[PDB]
Amino acid sequence: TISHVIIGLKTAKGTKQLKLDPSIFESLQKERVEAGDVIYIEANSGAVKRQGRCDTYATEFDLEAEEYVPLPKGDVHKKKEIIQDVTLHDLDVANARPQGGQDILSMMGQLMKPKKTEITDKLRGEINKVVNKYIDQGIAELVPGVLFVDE
Amino acid sequence: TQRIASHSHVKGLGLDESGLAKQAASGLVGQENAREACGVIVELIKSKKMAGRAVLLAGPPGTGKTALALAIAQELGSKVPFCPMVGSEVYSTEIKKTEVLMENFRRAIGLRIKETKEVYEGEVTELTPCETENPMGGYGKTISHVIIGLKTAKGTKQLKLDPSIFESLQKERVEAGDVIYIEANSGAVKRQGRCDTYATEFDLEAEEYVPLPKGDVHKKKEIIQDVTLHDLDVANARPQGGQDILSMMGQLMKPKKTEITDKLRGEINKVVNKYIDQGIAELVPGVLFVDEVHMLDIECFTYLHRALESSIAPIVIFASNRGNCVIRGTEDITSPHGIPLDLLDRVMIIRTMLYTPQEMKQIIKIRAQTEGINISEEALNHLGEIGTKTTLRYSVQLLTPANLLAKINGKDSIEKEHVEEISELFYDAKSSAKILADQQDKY
Amino acid sequence: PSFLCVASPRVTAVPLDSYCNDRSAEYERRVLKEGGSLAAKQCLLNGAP
Amino acid sequence: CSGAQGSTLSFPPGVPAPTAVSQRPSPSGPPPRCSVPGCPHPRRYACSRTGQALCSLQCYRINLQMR
Amino acid sequence: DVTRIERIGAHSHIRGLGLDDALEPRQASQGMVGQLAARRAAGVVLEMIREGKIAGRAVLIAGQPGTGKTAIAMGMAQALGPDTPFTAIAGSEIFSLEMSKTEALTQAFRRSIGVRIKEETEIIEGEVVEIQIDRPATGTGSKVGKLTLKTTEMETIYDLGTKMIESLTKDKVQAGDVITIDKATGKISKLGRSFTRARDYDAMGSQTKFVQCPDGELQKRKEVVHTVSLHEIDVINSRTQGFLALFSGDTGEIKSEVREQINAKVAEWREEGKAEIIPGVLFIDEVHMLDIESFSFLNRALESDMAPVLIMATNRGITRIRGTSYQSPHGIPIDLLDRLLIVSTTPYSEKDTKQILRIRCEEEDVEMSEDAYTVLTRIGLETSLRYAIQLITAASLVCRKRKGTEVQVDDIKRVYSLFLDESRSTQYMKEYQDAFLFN
Amino acid sequence: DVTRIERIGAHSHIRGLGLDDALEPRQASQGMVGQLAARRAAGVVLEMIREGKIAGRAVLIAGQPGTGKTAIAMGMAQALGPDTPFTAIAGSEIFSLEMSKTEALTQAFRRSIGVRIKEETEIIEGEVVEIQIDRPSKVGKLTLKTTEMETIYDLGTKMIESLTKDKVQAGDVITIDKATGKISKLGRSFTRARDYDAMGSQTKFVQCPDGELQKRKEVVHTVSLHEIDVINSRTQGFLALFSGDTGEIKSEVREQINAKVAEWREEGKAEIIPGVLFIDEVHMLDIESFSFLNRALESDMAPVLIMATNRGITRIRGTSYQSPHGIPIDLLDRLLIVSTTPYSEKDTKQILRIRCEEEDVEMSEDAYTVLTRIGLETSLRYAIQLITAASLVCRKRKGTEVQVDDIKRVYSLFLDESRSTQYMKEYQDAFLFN
Amino acid sequence: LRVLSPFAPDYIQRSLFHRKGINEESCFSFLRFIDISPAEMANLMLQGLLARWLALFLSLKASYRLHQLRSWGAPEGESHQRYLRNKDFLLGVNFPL
Ligand SMILES: Nc1ncnc2c1ncn2[C@@H]1O[C@H](COP(=O)(O)OP(=O)(O)O)[C@@H](O)[C@H]1O
Ligand SMILES: Nc1ncnc2c1ncn2[C@@H]1O[C@H](COP(=O)(O)OP(=O)(O)O)[C@@H](O)[C@H]1O
Ligand SMILES: Nc1ncnc2c1ncn2[C@@H]1O[C@H](COP(=O)(O)OP(=O)(O)O)[C@@H](O)[C@H]1O
Ligand SMILES: [Zn+2]
């Protein structure tokens, strides 16, 4: 039924076709995307955003509740090396409580207020054990920093 | 095995039936007049007559005033609730000090309430609705009853049931060769899973298979259930059945201790009387034991003035090691045993004495033969002298490290040399404090 | 008795709402005004799916 | 209904006789066993390359070595 | 053999004030004995409480430890009886971690004003003869049905409504059940099964003791008196479907706008005659536990027309008001002490002491000789009265353990050697003065 | 090169707590020096922990600052090893903002009792090769791969519904507990990691499994008694094991768990491994929290307690009174006390050599001489802080083996208390408050 | 922060069944004694308060089925005084109330 979704892309610099994972197409449908929208796909992360309807369709009706954007002048496809900084505390927080799990698009995340909590000793034991596994696989490297205590 | 602790030998008060105390019996030795007093307290508790009448055991550290309060629990046995605390339990963050006392006053009273369980259970062999050949007027066909065939290891039986059951047997997703049960007191039906005889009709299937029930298709027993009044207090204050949003929200939210009203206590009292009058429920007025009572503050103590008087309350045992201390939560109010004079007025005091060298040696012997240890006479006659120079707990507590050292040195009983080697390695409170006074500038 | 429930708020305000000037953004507040999935909506409204 | 003669349930003509009766399956006496002739074990799974029923990696090698 | 939840405690022998109709104290009556001056005063304020016309009047009961301050407080609780609310608070109980002091006192006040409501309703109480429930083949869900009920005298048929049908079927109602239906509430209730129709039967649908068939006319009246405090009227109004908060106590610091509004609507239910208002008593036992913050709340709470009659008790001399430096009488600020009447209790004679011990032994089912009473009367003057009241049961139990029928003088000398008076324990605390901790 | 998440701390030169079979201490071994009597006593309690026969034992380790109290406790924790609980807390970790001092101690006790359980299983683990279903109920088959075999399952109806709810694909790696019937994805096999150009945020790549497809074994789990207490506290209690967001567990649960865990031990189904609770700097436990230990040392499944402390006769926290160690007398005779002693010059050399062996540093015997004098004229733990700085000054000096001139330089740069307080007096009114 | 999570079903399986030591303590050991599988536990940590609610609603269904099994038979120890079973840490059904 759906092994993948082919999607076609265009910019003033050219075109590509991409083979999307069904989880990315589920995200296109989350954003209510249709052909003739201008889309940003972050293929290393699965982030998807509608920028607006492409202005070649800006005359489809004289007055309709969409914002139209010019066909992107940028490349269809862009690469960088990027280097991510994350602290062990960001792991200790983001894995301790059940996540919100709800990308705004929900409503249960309105009821239980987020609050700081006495994060257990044991979980830090497992974060240390997972980080050890990843720095051995070379996916991460470590920078022991400084804590500076004023007063 | 089970593992030994600081009271495991204490099996009872070891009295004669005249109420007098033996020199050494039921794992205790000495304290004769205080054991005789505890004998009257055991009779008092067994009588069920009284409410709120209470005792303080008072005496120096390591004299036995926790061992006697546990010996009372052994003389009562498992059937009556004995609820222990330190005074320091009351300082909860969730809930006020006096409510932690009031909840423990409600733990120390038990219902013993007996009821029948009856159930039908088995693998469902067939579901067979039975028609009447004459319908009622204007209708195509009519059912008088449903037959459910049920199987268990003891046999198979066709149960007959009213046709409303068939509606519920398609809310439950039942199919032939499921195992199911029906509550005979209630008419409710439930599915457990496919019966284990079918655990091979696919190489994988998404259910855990249930072994065939054993005994007859219809089961009956009596059970003598027991609940503290505090269990009734919490089960009424925070219900657990989930068929409403208040209960699901209240069960996804963090559980919290709450200041239960005197009204809930009142209504539970009014209804347990309704059943005790009918002989449905037995009642066991139990014991509340507080150790380290001097850790309660004057607000706790000034609540115990009401609680020890109240006509519902359990019999209460207090213990303290204190002299004329200042009462916690007051600046400079010195009072005997660290307890306010107007609470100390409301309790009987049992004086607990120091042991003589011979009694300490007799305790150490009773410890060794229950800690799993063999001791030479030249070791025991040294260890009772160490206890005389030091303290009971220290000289007792030297037994197991002396056994470890003796076993490491390849021998089956503690020798003199092993006791003094452990005494050289391990300091007591008195010998330790002298080093702190000598080396005063270096700590 | 069926008549002890007689207090009332003097004022009952609408829950506050964040207007935003973007076509993608206004679908998100619409989804929140509906209740953000039929699973989560049915879950509070009728108890479970 | 419920009455002095016990309960009854009733359907107008053309309502489905909706209590469809249910009756037991009648499986084989032996459960399915491993294909290797020296093996007493139950079938756990079957080989994808040859189709025989199997119980272990020992039997998977011992089968595929001789087809 | 039988033993109810309430048992023999420190005041269970007290059953009233023992006053005559001219409001004079009898020397020994209703369990009270001696103590004429304070019993007289308690009688006057009891009569003022039964009158109920006047709001926020207050009393402080004072005198030595162990001289019947709490005895007289329980005496008037029993003389006032169960139909009028009496709330006992030990002064420590207001120091909540869930709510502030002024809330805990406002709750203790409003728990002590009763609103009394007669609920009169029409009930049908009958034995089910037969039921028909009709259900559509699919449809919109317009269910319909008929039900029939009997008594030993009369029977009839009811054509059923839509909400009745779900309330009936929710409780698995069936022929042979005995049920009691409230016509105004729309609620069923089940009394059991009748012995008859339960024979035309299956593998079990229920297991309970049967009940006799209902008698007289099938439709009959019921009457209930509710006694609902202002506090639980405020709690029910604090949040919709809040009814469990009455038990759990979890509703903290209720909105002032609720109390302001309930004070009006409770007055309207009096002017409509729809509900009685029955102002009761708040007994703040050991009131010297309240902070000066809490006494300053009482100064201005105790002047509301919804205030209950407030009774303090305390045993303290000139001592500093809790939470401050200042010394004052009874541990109370004169800001408050100026506002309330003081009832003064007195120490006891031989006659009073022996008579208190005798009425206590009566309630505890104990026989003692007049010689044993003579030594226990001596003990109750050589030592505080509560210690003598604590030897009685011990002496009865030692007597029972040696199989005596009556407590003798040497049973009390035995028990006196066995359980210490404070004055004797605090003496032995001088030989072991090196061994007890923190003198 | 590759720096692990753990690196050289203050204690990490120890590798255990060196003793012979007679519990006789070696002068220098397993990264410890001297302290002969205290190490015998630590050995005797270590064998008492291994035997486990008796509950609620307590040792107080006491003596001057820098004399190795935590060095015994961490060395003992390594000599005991893993596979037996060792909860270590500084005393001030118990003053929670959500639960009493009673609770934080109760949880610290209960977290130090290990229950071992045997559990019997068969679990499938493999790369799903394809899935086939058809409509006549439903029928289907699916193929699993592991590096050793490709194999097929003729799965049932509820399984077909469950896989079609998990939406599994060819090239996923999946696991199913055969007894329980529950599916669980692990990720996508590395060979599949290119047939999409953009990939879902929750995707992860894993190797194809190996060995037999449906491994059949019993296994041993160790789980501490506190976790059973938390799991039973509320409907989803295990989330609180990680979230920390739990406290004031109802005593009715804890005493039910005693009865059940004792019952499993009599039924032979589980075995109880007594651990240790170590309270470093116990002296600052409040009087209420000390009084709680007077009952928790008596429960017939208490851990052993090891308490380190560093104090003379001192005011007990939360009171006016003064006592040995800052500990109440009614606890001190339930404790058994082990006392350290200050180091000689001859011992102080060996510990500095052991730190330099651990840091991988080389020094002249002149530099060890001067540093030993510095570590004797001022506290040991200051000389242990000069060696790293002497190494880094040596690197900046373009050296390789450190020298007395490097020690004298670092000693001029980083002050101890005795010199720093001496200089503070010469400018005192420029500092704030006294 | 979600890939380095110990709640990943890979790390749960590798923690739970692929250990080196004959005895070796590891997290998620309790999941053998509650009715929760690795992916259900990961999903309960990462799908948030909706998955909390469904896993609660199923747990009530499981409670009545557990109570019957827990209260009407006593077949000693599962292989002669050995081996615990699925759900054996759920003791919230043993209270009479
Ligand atoms: N009379 C006794 N006979 C036997 N052992 C006793 C007796 N009294 C005390 N012990 C033992 O001595 C130790 C200290 O007594 P305990 O009651 O626990 O101390 P404390 O009086 O301070 O509360 C315990 O091991 C206890 O079992
Ligand atoms: N006048 C009295 N008549 C009968 N019993 C009394 C009387 N005065 C005191 N008592 C009893 O003697 C004991 C002491 O009285 P209590 O009310 O506790 O004293 P107080 O509150 O003044 O400190 C209680 O057991 C009480 O029931
Ligand atoms: N006997 C020893 N052998 C080796 N290193 C030790 C020894 N005693 C102490 N240490 C080390 O010396 C320093 C101080 O010891 P520590 O236990 O932390 O002092 P304290 O008793 O004051 O807490 C630490 O770096 C510690 O690892
Ligand atoms: Zn074989």
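The rules behind each value
- Residues numbered from 1 in each chain as written, not as in the entry; some residues may be left out.
- Chains lettered and ligands numbered in written order.
- Part of a larger assembly, values for the part shown.
- Heavy atoms only, no water.
- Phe/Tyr/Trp six-rings, centres within 6.5 Å; stacked < 30°, edge-to-face > 60°.
- Helix = DSSP H or I, 4+ residues; strand = E, 2+ residues; numbered from the N terminus.
- Buried < 20%, exposed > 50% of the residue type's maximum accessible area, 1.4 Å probe, protein only.
- Salt bridge = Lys/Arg side-chain N within 4 Å of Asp/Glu carboxyl O.
- 1 Å grid on protein atoms, 1.4 Å probe; cavity = no way out; pocket = protein on both sides within 12 Å on 5 of 7 lines; lining within 4 Å.
- Points joined across faces, edges and corners; volume = space filled by probe spheres on them.
- Nonpolar A, V, L, I, M, F, W, Y, C, P; charged D, E, K, R; others polar.
- Contact = heavy atoms within 4.5 Å.
- Buried area = accessible area lost by both parts, 1.4 Å probe.
- Polar contact = N/O pair within 3.5 Å; in protein donor to acceptor, adjacent residues only side chain to side chain.
- Near = heavy atom within 4 Å.
- Areas by Shrake-Rupley, 256 points an atom, 1.4 Å probe, with all protein chains shown as cover.
- Sits in = over half its atoms within 2 Å of the grid points.

(A) Summary view of the packing of aromatic side chains. Residue and element names in this part refer to chain E. Applying the stated criterion across every chain, the model contains 15 aromatic pairs over all chains. The interplanar angle of 35° and the centroid separation of 6.0 Å between the aromatic rings of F86 and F283 together place this pair among those described as tilted. On the criterion of sequence distance, the pair formed by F86 in strand β4 (residues 86-90) and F283 in strand β12 (residues 281-285) is long-range, its members being 197 residues apart. Overall, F86 belongs to the partly exposed group, its relative accessible area being 22%. Residue classification places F283 among the buried residues on the basis of a relative accessible area of 1%. Measuring from ring centre to ring centre gives 6.4 Å for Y387 and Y416, while their planes differ by 65°; the resulting arrangement is edge-to-face. Here the residue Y387 occupies a position in helix α12 (residues 385-401), and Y416 occupies one in helix α13 (residues 409-418), the gap between them amounting to 29 residues. Given a relative accessible area of 3%, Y387 falls into the buried group. Using a relative accessible area of 28% as the deciding quantity, one classes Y416 as partly exposed.

(B) Seen up close, the pattern of salt bridges. One pass over the full model with this rule turns up 118 salt bridges over all chains. Two residues, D330 of chain F and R322 of chain B, come together in a salt bridge whose shortest N-O distance is 2.8 Å. A residue pair is termed interchain when its members come from two chains, as with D330 of chain F in helix α9 (residues 329-332) and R322 of chain B in the loop between β13 (315-320) and α9 (341-344). The partner of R360 of chain E in a salt bridge is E364 of chain E, with the nearest N and O atoms 3.5 Å apart. For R360 of chain E, a relative accessible area of 2% corresponds to the buried category. Via salt bridges that share partners, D37, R50, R53, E60 and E66 of chain A belong to a single interconnected network.

(C) Region of interest: empty space enclosed by the protein. The space that makes up the largest cavity amounts to roughly 720 Å³. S6, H7, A67, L392 and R393 of chain B are the residues nearest the centre of the largest cavity, which is lined by 42 residues in total. At the level of elements, β2 (28-29), α2 (67-76), β13, α10 (357-371) and α12 (392-397) of chain B are the ones that each hand at least two residues to the lining of the largest cavity. Per-class residue counts for the lining of the largest cavity are 16 nonpolar, 15 polar and 11 charged. As a volume, the second largest cavity reaches approximately 620 Å³. As for the second largest cavity, its lining consists of 36 residues, and the residues nearest its centre are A10, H11, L385, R386 and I389 of chain E.

(D) Quick peek at the interface of chain G and chain C. Contacts between the two partners involve four residues from chain G, matched on the other side by seven residues from chain C. Between chain G and chain C the total buried area reaches about 410 Å² when both faces are included, carbon and sulfur atoms providing 89% of it. Its largest share of buried area at the contact with chain C, chain G owes to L50, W53 and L54 of chain G, together 86% of the area lost on that side. Summed over the shared surface of chain G and chain C, the result is one residue pair in polar contact. Counted by class, the side of chain G that touches chain C contains four nonpolar, no polar and no charged residues.

(E) Layout of the site of ligand 2. Residue and element names in this part refer to chain E. Near ligand 2 you find 17 residues, and of these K69, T70, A71, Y348 and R386 are the closest. At 2.9 Å from an oxygen atom of ligand 2 is found a side-chain nitrogen or oxygen belonging to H11. Within the backbone of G66, one N or O atom sits 2.9 Å away from an oxygen atom of ligand 2. Burial of ligand 2 by the surrounding chains reaches 97%, relative to a free accessible area of 550 Å². A molecule is said to occupy a pocket when more than half its atoms come within 2 Å of that pocket's grid points, and by this definition ligand 2 occupies the second largest cavity. Mapped by element, the contributors of at least two residues to the shell around ligand 2 are β2 (32-33), α2 (69-80) and α12. Per-element tally for the shell around ligand 2: the top contributor is α2, with three residues. Among the residues forming the shell around ligand 2, the class breakdown is eight nonpolar, seven polar and two charged.

Everything listed is a geometric property; what it means functionally is a separate question.
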